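Everything below concerns the one structure shown next.
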Ligand SMILES: N[C@@H](C(=O)N/N=C/c1ccc(O)c2ccccc12)c1ccccc1
């Protein structure tokens, strides 16, 4: 089997991407944030504290003839950015772009933190990291991909995120028309539960490539590119007037600037992020100071290849016996 679904930016900045997902019988379609940096499929629901719902579409398990309460199971997740959610668990039929999993754990939110409430466009998360990170207790549950994998034509999914435009998540096949050149595969460590890999270096604009190992995670659920302070300083030094602002929380730059590209290495291959991808617009409405799309990972404890990086590539998440990651230009 295979599946293919379009993923759409939630706003004009590509702050996140949403993908429609069918849950239950008859289908209830929710727009979920596909997140390769977490492993819970959770949704706003009829159980969510009323004051914490503000425009989201909700899953109502009582209206699904295939929903079954998973007795005694609860979940609670705290994301790296400080947001959180928790609740109980159903199993139900879940379909993405034509690919169906029966008995998928659908985690129903009873509580969500303010950032989730304040974002009306995201109805929940669909985790695509390794199932070892799943938070359901006392019996850990599998991700959608883990459940589907055996049925797929090939045990893979691909992320093809657009810049200020829709893109695609495919399951079970590689669309050879969706990229240029070849796909370069690189090793993955699954020890921490993430798609963790090692970039071979970087370049700023037309500058020379610096060969250096940068360990990080491929994370579709993170907006920006977080890299070591040395690398980030080298990038912003090329932008007149750019500075790190403690009050704003990162590098900012004049909105009048034309930004240089940023290249990252995948083995001997190179992925080029155009300068425009690195502009995240005014720091506050009407300001002429703009927020940078490349930021320091110092303090995070890990480098994060988020959407800024991933959207410059066609990315293969290879879930074979030994997982790997593939990157192609597009
Ligand atoms: N901006 C990311 C983020 O902060 N991810 N953090 C993931 C994470 C970090 C550290 C952990 O220890 C985890 C453990 C299990 C699952 C996820 C995580 C994000 C993704 C989806 C929703 C909110 C926020």
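Going by Swiss-Prot, the residues shown for chain A are 90-419, listed in order.
Going by what the header records, the deposited coordinates were determined by X-ray crystallography, 1.4 Å.
Even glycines carry a Cβ here, placed using N, Cα and C.
The feature domain 'Peptidase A1' is assigned by Swiss-Prot to 106-417.
Taken from Swiss-Prot, the feature active site covers 124 (among others). Summarising the environment of residue 124 (active site), the number of other Cβ atoms within 10 Å of its Cβ, over all protein chains shown, is 21.
In sequence order, 302, 303, 304, 305, 353, 354, 355, 394 make up the list of same-chain residues 6 or more apart from residue 288 (active site) whose Cβ falls under 8 Å from its Cβ. Positions annotated as active site by Swiss-Prot: 288 (among others).
All protein chains shown were included, and the count of other CB atoms within 10 Å of the CB of residue 344 (disulfide bond) stands at 14. Here Swiss-Prot flags 344-379 as disulfide bond.
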Sequence-ordered recorded positions from 124, 288, 344, 379 with Cβ under 6 Å of an atom of ligand 1: 124
Number of Cβ atoms other than its own within 10 Å, given for residue 379 (disulfide bond): 21
Cα separation, residue 124 (active site) to residue 379 (disulfide bond) (Å, whole number): 26
Pairwise CA distance, residue 124 (active site) versus residue 344 (disulfide bond), rounded so that it is a whole Å: 30
